[PDB]
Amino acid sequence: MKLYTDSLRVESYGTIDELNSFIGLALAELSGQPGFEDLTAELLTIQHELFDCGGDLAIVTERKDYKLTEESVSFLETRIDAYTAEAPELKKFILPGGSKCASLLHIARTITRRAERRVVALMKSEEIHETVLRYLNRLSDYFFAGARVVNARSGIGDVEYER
């Protein structure tokens, strides 16, 4: 509604994989639309980065080999503020939806939060590449920021909760 600022291993890798697939669909949908060049580029960058998160959590078995970097988290952070600055200031709570593209991005937002829940469970039973966790944490808010920008740029207001 706003910006929030072992089997456990295979489950984390799996959900991140799933999350990556929904980002793919959002990429394919956003592609058929001009004016989202940076976003589509950013999205593709997320898929490679998420691909890395999987490896860091499962495949990789040496910290020296961890691929995901801290800069990827910072990048996500700067886009959130940038997309927020862009989008009109929101004084209301948001509901998932609006343009088709914004909807797919919100879906990716919730699946990202799901992937994060799964990673939090993995980190509780063993040591992981903590960068991954923070990356997923920032990632969902990025999709929130993105979806709002996608609606505005499409001329469609965000769906708001009014009760």
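Numbers follow the displayed sequence, beginning with 1.
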Next item on the list: Using the PDB record, quantify the missing residues of the deposited sequence between residue 5 and residue 6 as none, 1 to 3, 4 to 9, or 10 or more.
Entry: 10 or more
Notebook entry, point to check: Hey, which bit's got the bigger mean C-alpha B factor in the entry, 134-142 or 63-71?
Noted result: 63-71
Check: Between 110-118 and 48-56, which has the higher average C-alpha B-factor in the PDB entry?
Finding: 48-56
Next item on the list: Give the position of residue 152 by CA B-factor within its chain, expressed as the lowest, middle or highest third.
Entry: middle
Next item on the list: Would you check the entry's CA temperature factor for residue 124 and let me know if it's in the chain's lowest, middle or highest third?
Entry: highest
Note to self: Quick check for you: using the entry's CA B-factors within this chain, is residue 39 in the lowest, middle or highest third?
What the structure shows: middle
Margin query: Is residue 28 in the lowest, middle or highest third of its chain when residues are ranked by C-alpha B-factor?
Written below: highest
